[PDB]
Each structure stands twice: as C-alpha cells, then as structure tokens.
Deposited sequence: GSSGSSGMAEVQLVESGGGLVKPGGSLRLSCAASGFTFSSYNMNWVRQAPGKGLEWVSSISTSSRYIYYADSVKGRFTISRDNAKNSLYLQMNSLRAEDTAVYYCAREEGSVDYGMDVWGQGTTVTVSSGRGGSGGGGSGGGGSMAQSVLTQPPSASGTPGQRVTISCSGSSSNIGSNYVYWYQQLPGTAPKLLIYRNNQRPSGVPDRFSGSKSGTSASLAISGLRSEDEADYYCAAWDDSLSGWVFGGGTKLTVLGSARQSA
C-alpha cells in the first residue's frame, strides 16, 4: 500500500472543446475520502476547482467553472473524474487531484503529480514575496473577509519548485505529522499569518493560505507568497 494519486487525460485541447480528466487512486480505500480538483496556471497561484464528498452527496464548484465542468467519482474503479466542457484559454493549467483526510481537518494531505491541460489550436491577499536569512524568522501574512477567514478555518500549503503542494497547517495553528514546529499559524478576525522560525534554505517555496468561503460555497486561496532564503 503505497498511497498514490495519478491523473491522466491532459493534453492539447481546442478552444470550445471538451476533455475528461481521470485520477487513479491506490494504496488507501478510495471510497472513504472526499476528493478535490485543484488547478494551477503555470507559474501562477493555486485555484481550487471542484469538491466531491465520499458518496457524491456534497458537490461544489468554483464560479469560474460553474456550468462547464462536472466532477464525478466511480468508487468501484477507485477513480475521480473531471469532465471539462466549453474550454477556454482561462482553463490552461496543471490539474491536481487531492484527497481530504479527517485527522487533519480534511485538509488536502495527498496530491497527485498533476496533468497539464493546454487550450490552443484573487480573493485571499498575501505578500507576493518575502525574504529572510538562515536562522532568522519570517511572517507570511494573509488577509480575507468575514465570509471566508471570518467564518472558517485557515489552512496553509507549501509548495517547493515544480512539485505538488503540501499541507502545512490546519485548524489555523495545527500541523500534520512531519511538519516541524518552526512553522506556526495564527488567526485573528478576518486575517491569518504563518510564522517560520529558524529559517533554513529548504523552506524556499511558495506558501499558500486557504479557507472555505460561505459566500461562494467553495474554497478560496491566497495569491501565494514566494519565500526566498539567503
């Protein structure tokens, strides 16, 4: 049981055309976990797409995708599907499938490699960059409104160069197993901030804060902070 998500079906698609991505799971009983699709325009930030519960009872869509994409799962074939219709340049991204896991307040704890979709022939506010020196401490801040951070919990993902993101923080200030206590999260009002102490050069990564948004009834993300270590 190697716990694994693998996406496929990407490629070059014409504008106005359709495409159906798959996401094959192995190493964990698929039917017990909510699944998401998160996309990423190359070199831009994380955009949550769609969200589907264990028995497909709770299905959510991003507004930029409402009416055009369709999430489904076949629990028999350990599969998550994203049917994409009426495609356009805006949809060009790497598409990640990710698994919610309860022990970390259903944060996305296991991601796939992604599949690129090329169509051819933001709400949470973060500092765009931030820098520190080895040993020093830096605070990536992150500001929302009353319908996301004001109502819901803040999560922090970190992403090394050209790799899938990694759950850093859940429940505003808790860490998954394996996340060192240099990282600490905090939330007050419609704002949250991530604090990294004893900074090391491996911490060089983009850092994203996420929160549910009852206004949109879907997830919302920060623009991403590029932490640079010198």
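- When the deposited sequence is numbered from 1, the segments without any C-alpha atom are 1 to 8, 130 to 147, 257 to 263.
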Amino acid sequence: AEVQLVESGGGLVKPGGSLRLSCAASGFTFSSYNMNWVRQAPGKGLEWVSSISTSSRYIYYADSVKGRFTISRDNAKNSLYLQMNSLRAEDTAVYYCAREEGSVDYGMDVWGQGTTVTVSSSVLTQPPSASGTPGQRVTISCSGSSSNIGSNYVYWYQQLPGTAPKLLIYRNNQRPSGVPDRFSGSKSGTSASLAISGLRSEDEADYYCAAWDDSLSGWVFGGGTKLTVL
From here on, numbers count along this sequence of modelled residues.
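- Stretches 53 to 61 and 196 to 204 differ in mean C-alpha B factor, with the higher average recorded for 196 to 204.
- The PDB entry records a higher mean C-alpha B factor for 132 to 140 than for its counterpart among 132 to 140 and 78 to 86.
- Ranking 147, 116, 126, 72 by Cα temperature factor from the entry places 126 first.
- Comparing the C-alpha B-factors of 162, 189, 67, 165 in the entry, the top value falls on 162.
- Sort the chain's modelled residues by C-alpha temperature factor and residue 23 lands in the middle third, per the entry.
- Among the modelled residues of the chain, residue 12 sits in the highest third by CA temperature factor in this PDB entry.
- When the modelled residues of the chain are ordered by their C-alpha B factor, residue 183 lands in the highest third.
- Residue 158 sits in the middle third of its chain by CA B factor, as recorded in the PDB entry.
- Split the chain's modelled residues into thirds by C-alpha temperature factor. Residue 151 is in the middle one.
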